[PDB]
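Structure first, then comments.
Nothing in this text is a laboratory measurement; each read-out follows from the coordinates by a stated rule. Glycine gets a Cβ as well: all are built from the backbone with ideal geometry, and neighbour counts include every protein chain shown.
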Amino acid sequence: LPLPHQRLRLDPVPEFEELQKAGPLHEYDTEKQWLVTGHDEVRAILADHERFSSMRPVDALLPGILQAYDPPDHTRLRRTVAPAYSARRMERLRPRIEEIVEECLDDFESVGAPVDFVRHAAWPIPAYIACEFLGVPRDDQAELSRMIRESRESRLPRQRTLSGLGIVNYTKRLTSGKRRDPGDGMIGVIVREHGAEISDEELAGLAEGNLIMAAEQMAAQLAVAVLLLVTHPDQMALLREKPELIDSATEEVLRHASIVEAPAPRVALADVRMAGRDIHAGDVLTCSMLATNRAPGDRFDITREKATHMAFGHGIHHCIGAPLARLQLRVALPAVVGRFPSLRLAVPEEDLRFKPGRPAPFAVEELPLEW
Ligand code: HEM
């Protein structure tokens with residue numbers, strides 16, 4: 001496990017904080033490699049798509065996967081897909097999101113004495129929301145959500161592969177279904193508005209990618225946000241009493257959690273001079289989001305003033321689902337602290353297990369909660 005993906009519970013490790021002190025750019029192999037830790041340097045790399053490519057370095061096509069596209073084709077695909085994420089489309093989803101939150105919290109609560117928050121809320125909430133976002137029939141949602149989790153998390157590689165083929169097959173069918181009948185959800189919107197500008201294979205790959213990312217990223221984000229709130233009970237009470245704190249609170253949980261520890265490796269397409277270093281064409285750069293988002297001595301503080309974090313990245317690849325992610329947190333967090341004023345850990349903090357942020361996201365495996 002490379003240094004930029006090591007944690008002590010939620011925190012970067014002291015040896016990584018020490019390397020950050022030495023400078024913004026290090027000769028370090030995460031995957032000639034560079035590890036980028038400087039705030040301005042990370043910004044600069046991510047904004048400079050023309051000199052720093054997102055394509056895997058080779059000496060494999062991923063149709064519809066925006067992260068893997070460089071910005072001739074990235075530009076056309078992104079603007080074909082962007083309308084599905086607009087602020088207006090998002091606000092129209094709000095009612096189903098509130099409904100889903102309440103339903104899943106009802107189910108979580110209905111379980112015996114202590115309950116795992118990951119199993120009963122943190123996975124189900126975003127998984128169901130991702131299905132709605134994609135326009136998945138209500139009756140298929142439980143099935144598909146299980147498949148999503150299992151495809152990303154199963155101890156059994158056979159099972160990940162099986163669940164993964166199941167997802168691919170389901171979204172191909174959903175894609176052709178929505179191509180014929182462009183109704184509710186991301187695929188319908190994209191077909192109605194840019195149907196001519198996109199192939200069935202791009203649309204299907206994009207559907208799968210977005211389904212998996214929306215469910216998985218937010219599951220991790222939601223469970224860590226709640227972990228943070230229950231281990232800081234004062235702040236939980238602040239948010240309950242000052243509900244107008246939700247916006248800076250959602251920024252703080254994104255900043256502090258740093259769910260994506262590093263975006264895709266960037267490949268230099270030209271020689272570049274940066275922070276006193278000679279980057280050569282073909283060098284591979286890892287941007288450390290833990291470096292940029294976290295500082296030694298930082299404490300979780302929902303009243304935090306300015307948010308300069310890069311939890312969603314930066315530049316042309318800046319997380320396109322951000323509006324949906326922020327919306328979920330804005331609904332789910334006030335609902336959680338409102339319904340459960342005495343929410344707390346049911347086990348010692350040292351019992352908690354964390355999935356490392358390589359591959360993304362960093363997550364808490366299990367969150368036994370009380371009251
Ligand atoms: C809080 C949860 C999330 C976090 C922290 C997060 C983080 C990120 C980051 C850091 C990137 C940039 C990757 C890169 O530059 O290589 C990204 C891109 C992307 N994300 Fe998110 N994400 C989250 C949730 C979501 C959701 C809910 C969706 C689906 C609606 C989504 C879909 C995407 C897509 C399609 C891209 C690629 C956009 C592009 O490359 O132009 N993510 N995400």
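Here are a few things to note about the model shown:
- Looking only at segment 245-297, and only at residues there that are among the acidic types (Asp, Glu) and more than 16 Å from the ligand (Cβ to nearest atom), the one that is nearest to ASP11 (Cα to Cα): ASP283
- With respect to being within 12 Å of the ligand (Cβ to nearest atom) and part of a helix (DSSP H, G or I), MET147 falls outside the description.
- Residues in segment 54-112 that are closer than 30 Å to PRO368 by Cβ and either exposed (fewer than 12 other Cβ atoms within 10 Å of the Cβ) or within 11 Å of the ligand (Cβ to nearest atom) (or both): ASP106, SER110, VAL111, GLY112.
- In segment 195-215, the residues that are more than 15 Å from the ligand (Cβ to nearest atom) and either crowded, with 19+ Cβ neighbours inside 10 Å or within 13 Å of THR80 (Cβ to Cβ) (or both): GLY195, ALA196, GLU197, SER199
- Residue count for segment 80-111, restricted to those that are assigned to a helix (DSSP H, G or I) and among the polar types (S, T, N, Q): 2.
- Taken residue by residue, segment 314-321 has no member that is in contact with a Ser or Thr (Cβ under 6 Å, 6 or more places away or on another chain), part of a loop (DSSP other than H, G, I, E, B) and closer than 24 Å to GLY23 by Cα.
- Complete set of residues in segment 281-295 that are over 18 Å from the mean Cα position of the chain (by Cα) and crowded, with 22+ Cβ neighbours inside 10 Å: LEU285
- Single residue of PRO243, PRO263 found to be touching a strand residue (DSSP E or B) at 6+ places or on another chain (Cβ under 7 Å), more than 23 Å from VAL115 (Cβ to Cβ) and not small (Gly, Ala, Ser): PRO263
- Single residue of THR308, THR303 found to be more than 30 Å from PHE133 (Cβ to Cβ), of a type in the set (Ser, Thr, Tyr) and more than 12 Å from the ligand (Cβ to nearest atom): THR303
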